[PDB]
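# Coordinate inspection notes
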Amino acid sequence: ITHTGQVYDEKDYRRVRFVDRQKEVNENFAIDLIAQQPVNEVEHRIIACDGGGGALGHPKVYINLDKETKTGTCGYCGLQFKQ
Amino acid sequence: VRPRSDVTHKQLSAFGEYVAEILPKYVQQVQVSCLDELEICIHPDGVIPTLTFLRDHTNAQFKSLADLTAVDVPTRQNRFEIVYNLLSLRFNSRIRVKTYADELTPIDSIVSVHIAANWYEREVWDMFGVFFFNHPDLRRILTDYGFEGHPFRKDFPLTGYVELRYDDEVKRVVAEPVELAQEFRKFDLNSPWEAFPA
Amino acid sequence: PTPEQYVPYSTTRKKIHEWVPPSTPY
Amino acid sequence: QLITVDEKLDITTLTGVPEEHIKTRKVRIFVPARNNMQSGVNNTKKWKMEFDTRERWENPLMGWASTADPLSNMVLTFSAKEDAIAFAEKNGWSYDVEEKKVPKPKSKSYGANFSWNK
Amino acid sequence: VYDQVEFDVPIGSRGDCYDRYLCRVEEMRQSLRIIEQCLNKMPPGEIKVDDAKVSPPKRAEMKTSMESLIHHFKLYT
Amino acid sequence: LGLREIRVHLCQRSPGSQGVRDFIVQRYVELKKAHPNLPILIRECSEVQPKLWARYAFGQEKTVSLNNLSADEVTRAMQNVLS
Amino acid sequence: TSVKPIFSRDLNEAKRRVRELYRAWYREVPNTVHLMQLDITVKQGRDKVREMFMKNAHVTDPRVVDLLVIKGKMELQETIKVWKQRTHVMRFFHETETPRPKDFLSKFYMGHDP
Amino acid sequence: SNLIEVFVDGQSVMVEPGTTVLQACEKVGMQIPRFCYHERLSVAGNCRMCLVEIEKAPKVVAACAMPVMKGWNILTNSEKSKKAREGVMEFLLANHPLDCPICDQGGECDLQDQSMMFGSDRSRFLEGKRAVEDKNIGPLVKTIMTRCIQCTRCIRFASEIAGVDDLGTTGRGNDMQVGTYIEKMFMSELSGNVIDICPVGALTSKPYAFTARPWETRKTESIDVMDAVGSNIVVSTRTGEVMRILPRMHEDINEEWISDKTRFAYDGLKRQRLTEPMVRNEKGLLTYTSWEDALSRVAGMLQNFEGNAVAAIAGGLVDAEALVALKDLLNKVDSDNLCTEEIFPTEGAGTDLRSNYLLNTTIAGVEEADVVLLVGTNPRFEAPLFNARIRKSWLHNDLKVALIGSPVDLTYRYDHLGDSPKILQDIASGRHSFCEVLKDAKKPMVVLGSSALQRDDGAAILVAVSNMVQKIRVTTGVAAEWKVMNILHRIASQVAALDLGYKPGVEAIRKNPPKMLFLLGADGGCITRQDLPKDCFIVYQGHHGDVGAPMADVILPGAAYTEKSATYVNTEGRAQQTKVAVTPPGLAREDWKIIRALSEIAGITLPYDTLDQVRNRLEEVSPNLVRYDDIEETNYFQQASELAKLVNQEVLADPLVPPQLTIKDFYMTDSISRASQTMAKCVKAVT
Ligand code: SF4
Ligand code: SF4
Ligand code: FES
Ligand SMILES: [Zn+2]
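Residues numbered from 1 in each chain as written, not as in the entry; some residues may be left out. Chains lettered and ligands numbered in written order. Part of a larger assembly, values for the part shown. Heavy atoms only, no water.

For this entry, the PDB record names cryo-EM as the structure determination method and reports a resolution of 6.3 Å.

Written out as structure tokens, the structure is:
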């Protein structure tokens with residue numbers, strides 16, 4: 001159901017709660033949204049990742065897209081960068 | 001950097017000796033902090049005498065009692081540190097006189113010297129448990145009527161031991177031992193690295 | 001610019017997992 | 001004039017603690033060790049006495065931890081072993097002091113490891 | 001900087017509920033005198049101490065400078 | 001009366017137990033050899049006078065104090081226990 | 001040892017004060033049960049005063065006893081007047097709370113930490 | 001004499017010769033800021049974050065390095081030694097990637113704090129940063145090495161404390177990266193310590209990646225039960241489940257280090273865990289039920305049976321308290337059939353003198369030894385923090401190590417005398433060459449592993465070793481308090497069990513089969529239900545359902561050492577106390593109470609009813625149990641030998657082999673370990 005698949009179960013004593021009232025779950029789960037994000041190709045060995053917008057992003061980090069074997073992923077945006 | 005005026009540091013220091021000489025008997029330590037404040041420390045027996053001299057001395061009139069409080073250092077044999085902060089509208093100055101009292105060794109009351117203390121002394125008894133002899137009417141002020149335990153003592157649990165809810169069966173509010181639904185998360189915050197004292 | 005109540009619930013999982021008894025009788 | 005009492009100050013009767021939490025609570029006086037993570041030793045200086053840990057059941061509605069023990073989060077800090085022992089005796093809590101263990105002196109010298117011999 | 005402003009304390013005589021009242025209406029009046037000045041003479045400058053030690057670092061700085069993040073993390077936590 | 005276990009709790013390096021350890025140093029091997037199954041336990045208390053605890057059958061334990069007793073009295077007391 | 005006195009030099013004198021307070025409460029129990037319309041029996045109430053008085057019967061420290069009555073007297077005042085409304089008084093009787101067994105087997109069957 | 005007088009700002013702290021500038025500050029009471037220096041790791045001087053200013057000297061000196069001289073004044077809080085830190089911290093931070101809200105060494109950073117205390121308010125590095133390439137060092141340590149401050153602590157530990165010698169520096173300039181040149185995993189015990197020793201969060205723990213953040217973690221100090229070294233450890237619990245176990249320092253037992261098993265098998269503690277007391281159904285399948293019903297299932301059978309008919313086979317990881325509660329109980333049913341799974345030879349004096357079964361040479365005595373005769377055990381995988389002891393004493397001191405076992409990876413240079421128990425007699429004859437080495441030694445120590453004893457000729461192996469210790473002692477003329485003979489265990493509840501008079505080995509149960517057996521945490525295969533009598537009525541008393549649970553008529557769940565205030569004792573008899581970090585789960589209860597309660601239902605009630613009372617009980621049966629942190633000095637080796645001489649046994653030619661031949665052998669052994677997903681991931685990584 002939800003992000004980490006919370007599933008109050010058919011036998012749980014808590015699934016009682018939703019009776020006559022819906023559960024809060026999310027469409028466009030994020031888990032798949034960045035996976036849906038194209039790999040940002042770059043020329044330089046290392047690249048930055050302000051998160052986009054500077055102050056309105058994440059603390060800037062420099063990712064080493066040095067091995068095509070792996071597309072660097074800024075630990076903050078989950079954006080893969082293709083050397 | 002704060003705008004320290006050495007002019008003060010000196011004048012207050014000089015008064016600190018003045019008082020120390022005037023009442024050699026009860027003053028144990030006197031120091032003018034770098035924050036430009038004097039904190040005469042007196043033996044508990046000097047509560048009445050030291051205050052009275054400050055309330056009624058031409059060269060040191062300290063008419064109003066700003067506050068009476070009791071820090072509790074559990075390590076210290078004398079647990080409580082009654083602190084009396086006083087003001088002098090005449091000399092535009094202040095001084096703090098602090099004494100030490102243990103749980104069952106009461107301090108004298110100064111309601112005579114300043115009637116402001118009538119309430120604060122009741123506040124110190126209710127929260128910390130120090131007792132004040134010769135107090136007109138010492139009785140809990142801030143805590144509930146049936147409260148058991150002195151709350152601001154460092155050895156008292158924050159949440160306490162009793163909480164109240166309304167029970168239908170008995171149609172009346174009823175204490176029950178505290179049961180909390182998210183305990184106070186006790187974040188440890190002290191850093192293992194000190195700061196080289198200036 | 002030119003029934004729907006949010007029921008609160010824990011979203012974490014089971015954590016401690018108990019040992020299932022063997023369904024094979026012995 | 002002062003009066004004489006050989007009775008260990010016990011003031012359990014004035015502190016205002018429920019009977020259950022004065023007779024079933026064991027507190028340990030210990031100097032905190034250092035999270036191996038950091039090499040600072042400023043948190044291994046003062047002695048602390050900590051009450052025994054108690055139930056922390058999960059809450060059904062939100063899954064938050066819930067505790068029925070009031071003296072759980074309370075850790076009092078005492079500068080010396082003697083003073084902490086005194087607090088336990090007059091408050092009536094049982095105590096089991098643990099001796100401070102400080103790192104033993106270790107001899108180090110940059111020249112010593114350069115010794116091919118050993 | 002209540003020293004740099006100029007206001008008149010509203011002292012009272014025949015102290016009683018009416019007199020003190022008049023005093024509170026007069027400090028409402030005197031505070032407008034202090035507010036006026038503050039608007040007339042407020043300096044260009046920063047609004048928080050520059051010691052990241054005591055004041056939290058500006059968000060542009062904590063998002064571009066390592067010493068500022070460390071100071072932001074430690075100050076808040 | 002079968003006694004399953006015989007325990008000797010000899011405090012160490014203290015005036016009182018000297019005789020108790022002397023017993024061990026001199027005749028322990030002898031006793032064990034003779035009763036080669038019975039478990040005779042040599043344990044070391046502290047700040048307590050020596051006690052020859054004996055466990056008889058069906059979980060009954062009996063106590064004989066060995067404080068300041070001579071080597072043969074310890075030997076005699078031990079011999080009295082396994083009758 | 002060597003401890004200053006509060007109101008009683010010796011347990012003896014202190015006990016005098018306890019006697020007075022007991023009397024005070026004893027004489028008061030009936031009134032409270034009527035001015036607060038409490039649903040308790042005077043005999044029951046006086047029993048409570050006894051219990052509470054007895055609960056601290058072990059103390060032998062002159063100073064501790066003196067504070068105990070100071071505190072006791074203060075409670076009386078509150079109760080004497082109506083400062084302590086019924087909810088406050090009945091709390092003494094622990095009427096709503098479910099009693100906990102002290103038998104080991106009982107605790108074992110119910111709580112992780114006894 | 002040998003007391004240099006130097007002034008730390010005027011305190012004239014007189015120190016011994018060779019005291020380093022930093023050491024003097026420690027003694028006077030200060031603590032010079034420091035990144036590359038660890039007390040038990042060699043001084044390297046890489047960071048130079050410790051620059052201080054000796055008075056009247058042109059340049060500032062390296063604290064960790066300069067041996068303090070006479071007359072020096074180590075001005076620490078000078079206007080210079082602060083520009084020598086305000087300017088270094090400028091550099092460490094300049095190339096640092098600011099992902100402090102990723103770095104799980106968030107509050108556990110010796111580089112933010114030192115920055116917040118010995119650093120500057122702002123940065124001037126307007127230039128760009130560097131980045132390194134994350135590699136794989138294994139399944140336990142996550143090396144996000146773009147964090148590395150090139151402090152070379154790892155390369156030291158990985159060479160000096162552990163003998164891996166793999167991690168190394170590669171390259172020069174600002175792209176010196178301290179990672180394995182070829183990608184070979186850092187597979188060794190003692191591996192996880194790198195996490196704790198890297199002050200930066202470059203390489204940290206992968207299981208505890210992002211589950212918590214240190215300020216929240218409530219820290220309860222307890223004892224290691226996975227191995228018999230009894231290493232001190234701190235269990236970090238948040239909101240009631242253990243989040244990490246990291247070492248806490250014990251000079252004598254684990255000096256700041258813990259094994260890979262006892263810090264990544266906290267995960268095993270949270271699954272396959274018994275919680276409610278099930279009992280067998282009509283069809284035989286086990287079914288949950290309330291204590292009252294499960295306890296009287298057991299109590300009724302107990303009243304019916306008696307003597308030999310009832311037995312216990314205490315497993316590993318069972319607390320001493322539970323042991324004495326199980327012996328008292330089975331003693332009130334007239335049964336002394338109390339047996340531990342690990343067989344310690346008990347034909348001569350065993351269990352009776354307390355030195356036949358204890359390392360008499362305290363772990364800290366491996367430091368002052370001269371020759372160690374390892375016989376039949378792999379210390380590397382049976383007592384990892386004792387293997388380290390012989391590691392340090394072979395490096396900093398000069399121990400001559402000799403092994404009579406399988407030639408095995410020992411992280412040090414040993415002499416492989418051979419793989420045949422017979423060679424013991426050879427040395428006893430003095431014919432063997434090593435005889436001379438031993439003879440040359442003044443303070444020698446033999447160590448007979450418990451696993452050699454677990455073979456069939458173990459009684460003979462102990463006797464053969466005792467003969468050699470006897471003449472080694474006579475030829476060397478070693479002093480009495482120096483103790484040559486010691487034996488190390490690999491099961492936490494073995495020294496405690498033998499102490500309380502539990503008789504080792506299930507040999508007695510083998511000869512007469514008990515109608516009822518109360519397995520007490522036993523997951524070993526020592527007795528199986530086919531072996532048991534027809535009734536086969538046995539009740540498991542433990543925490544994890546592994547081998548004893550599915551063959552159990554009753555399940556009485558217990559706790560684990562993270563969940564009870566029990567006592568354990570390591571190999572040289574130092575009793576130690578586990579503290580309750582988390583309340584036990586489900587209806588599960590403390591081991592001692594289940595047995596006190598079963599006794600009440602049975603009617604032969606045990607005397608104690610609170611744990612202080614059970615501690616008082618332990619005192620009457622045994623001394624060590626009540627006095628904690630206190631090794632028992634005197635032992636009676638001489639009378640032990642006399643009985644050894646009476647015993648005649650044959651040491652079979654079969655070579656004595658440690659069961660843990662290589663490290664995959666090591667990762668999964670006990671119940672908690674077996675139940676570890678992290679240990680399982682480690683096992684497949686090796687395979
Ligand atoms: S190490 Fe991790 S935490 Fe310490 S500073 Fe660098 S990033 Fe922030
Ligand atoms: S990894 Fe951690 S320890 Fe090894 S060098 Fe880089 S920083 Fe120092
Ligand atoms: S600690 Fe002094 S050089 Fe690294
Ligand atoms: Zn990003």
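Right, let's talk about the overall build of chain E for a bit. When its secondary structure is counted, chain E shows three helices and zero strands. Written out in order from the N terminus, the α and β elements of chain E read α-α-α. By the compact-globule yardstick of 11 Å for 77 residues, chain E is too spread out, its C-alpha radius of gyration being 21 Å. Overall, the C-alpha framework of chain E stretches about 65 × 30 × 15 Å when taken along its three principal axes. The buried share of chain E, reckoned over its 77 residues, is 29%. If you take every contact in chain E between residues at least 6 apart in sequence, the share linking residues at least 24 apart comes to 26%. Accessible surface, chain E: about 6,000 Å² in total, of which carbon and sulfur atoms supply 58%. If you average the places of the 12 positive and of the 13 negative side-chain charges in chain E, the two averages end up 7 Å apart. (Helix = DSSP H or I, 4+ residues; strand = E, 2+ residues; numbered from the N terminus. Rg over C-alpha atoms; globule rule 2.2 N^0.38 Å. Buried < 20%, exposed > 50% of the residue type's maximum accessible area, 1.4 Å probe, protein only. Contact = heavy atoms within 4.5 Å. Areas by Shrake-Rupley, 256 points an atom, 1.4 Å probe, with all protein chains shown as cover. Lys, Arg positive; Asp, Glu negative; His and termini not counted. Charge placed at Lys NZ, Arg CZ, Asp CG, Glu CD.)

Turning to the site of ligand 2, a few remarks are in order. Taken together, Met145, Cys148, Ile149, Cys151, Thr152, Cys154, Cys198 and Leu203 of chain H form the complete shell of residues around ligand 2. A class-by-class count of the residues in the shell around ligand 2 yields seven nonpolar, one polar and no charged. (Near = heavy atom within 4 Å. Nonpolar A, V, L, I, M, F, W, Y, C, P; charged D, E, K, R; others polar.)

Taken together, the 30 residues of chain B in the interface contact 37 residues of chain D. Taken together, the two surfaces of chain B and chain D that pack against each other cover about 2,700 Å², and 55% of this comes from carbon and sulfur. Among the residues of chain B in contact with chain D, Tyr161, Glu183 and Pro192 of chain B are the three that bury the most area, contributing 25% of the side total. Seen at the junction of chain B and chain D, the total is two salt bridges. For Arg56 of chain D, the salt bridge is made with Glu183 of chain B, and the minimal N-O distance between the two is 3.2 Å. At the junction of chain B and chain D, the tally comes to twelve residue pairs in polar contact. Here the side of chain B that touches chain D is built from residues that sort into eleven nonpolar, eight polar and eleven charged. (Buried area = accessible area lost by both parts, 1.4 Å probe. Salt bridge = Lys/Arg side-chain N within 4 Å of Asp/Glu carboxyl O. Polar contact = N/O pair within 3.5 Å; in protein donor to acceptor, adjacent residues only side chain to side chain.)

For the rest of this paragraph, the subject is helix 24 (residues 677–686) of chain H. Among the residues of helix 24 of chain H, those classed as buried are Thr678, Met679, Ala680 and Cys682 of chain H. Residues of helix 24 of chain H that are buried in the fold lie against helix 7 (261–264), helix 22 (663–667) and helix 23 (671–674) of chain H.

Residues and elements named next belong to chain H. Relative to each other, helix 15 (residues 458–476) and helix 21 (residues 637–646) sit at 130°, their axes nearing to 9 Å. By the angle class used here, helix 15 and helix 21 are oblique. Judged by the sense of rotation from one axis to the other, the crossing of helix 15 with helix 21 is left-handed. Across from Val463, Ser466, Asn467, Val469, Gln470 and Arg473 in helix 15, the residues of helix 21 making contact are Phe637, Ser641, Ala644 and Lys645. (Axes fitted to C-alpha atoms, helices over the stretch in contact; angles between N-to-C directions. Parallel < 35°, antiparallel > 145°, perpendicular 65-115°, else oblique. Left-handed = near helix turned anticlockwise from the far one by under 90°.)

Right, let's talk about the coordination of the zinc ion (ligand 4) for a bit. Residues and elements named next belong to chain A. Around the zinc ion (ligand 4), the protein contributes the donor atoms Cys49 (SG), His58 (NE2), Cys74 (SG) and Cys77 (SG), which lie 1.8 to 2.5 Å from the metal centre. Considering all four donor atoms around the zinc ion (ligand 4), angles at the metal cover 80 to 152° and the coordination shape is irregular. Sequence positions of the residues that donate to the zinc ion (ligand 4) give the spacing C-x8-H-x15-C-x2-C. Of this pair, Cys49 sits in the loop between strand 1 (46–47) and strand 2 (63–64) while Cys74 is found in the loop between strand 3 (72–73) and strand 4 (80–81), placing the two residues 25 residues apart along the sequence. The pair formed by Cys49 and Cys74 is uniform in burial state, with each residue classed as buried. (Donors = N, O, S within 2.8 Å, 3.2 Å for Na, K, Ca; no water. Tetrahedral: all angles 85-135°; square planar, octahedral: opposite > 155°, others 65-115°.)

As a further point, take the UniProt feature "binding site: [4Fe-4S] cluster" in chain E. Residue and element names in this part refer to chain E. UniProt marks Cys17, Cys23 and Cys38 with the feature "binding site: [4Fe-4S] cluster", using the numbering shown here. A maximum C-alpha distance of 31.3 Å among these annotated residues, which run over 22 residues, shows that they spread across the structure rather than meeting at one spot. Mapped onto the elements of the fold, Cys17 is located in helix 1 (residues 17–40). By relative accessible area, which is 17% here, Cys23 ends up buried. Not counting chain neighbours up to four residues away, the residues in contact with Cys23 comprise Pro10, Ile11 and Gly12. (UniProt positions renumbered as here; feature names shortened; annotations may be inferred.)

Further remarks concern the environment of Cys23 of chain E. With respect to the secondary-structure elements, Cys23 of chain E resides in helix 1. Along the sequence, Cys23 of chain E and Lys41 of chain E sit 18 residues apart, while their C-alpha atoms lie 26 Å from each other.

Moving on, we get to a nonpolar patch on the surface. Residue and element names in this part refer to chain E. Nonpolar side chains collect at one region of the surface, where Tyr2, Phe7, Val9 and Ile11 lie side by side and expose about 500 Å² of accessible area between them. With respect to the element layout, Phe7 can be found in the segment before helix 1. With a relative accessible area of 36%, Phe7 lands in the partly exposed category. (Patch = residues over 30% accessible without salt bridge, like charges linked within 9 Å, V, L, I, M, F, W, Y side chains within 5 Å.)

This part is about the packing of helix 12 (residues 422–429) of chain H against helix 15 of chain H. Residues and elements named next belong to chain H. Relative to each other, helix 12 and helix 15 sit at 20°, their axes nearing to 9 Å. By the angle between their axes, helix 12 is roughly parallel relative to helix 15. Remark: the crossing between helix 12 and helix 15 carries left-handed chirality. Seen from helix 12, the contacting residues are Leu424, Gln425, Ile427 and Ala428; seen from helix 15, they are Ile461, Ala464, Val465, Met468 and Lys471. Classifying every residue of the contact of helix 12 with helix 15 gives seven nonpolar, one polar and one charged.

Next up on the list: the arrangement of the chains. The least C-alpha distance between chain C and chain E, which are not in contact, is 24 Å. There is no contact between chain E and chain G; across them, the least C-alpha separation is 30 Å.

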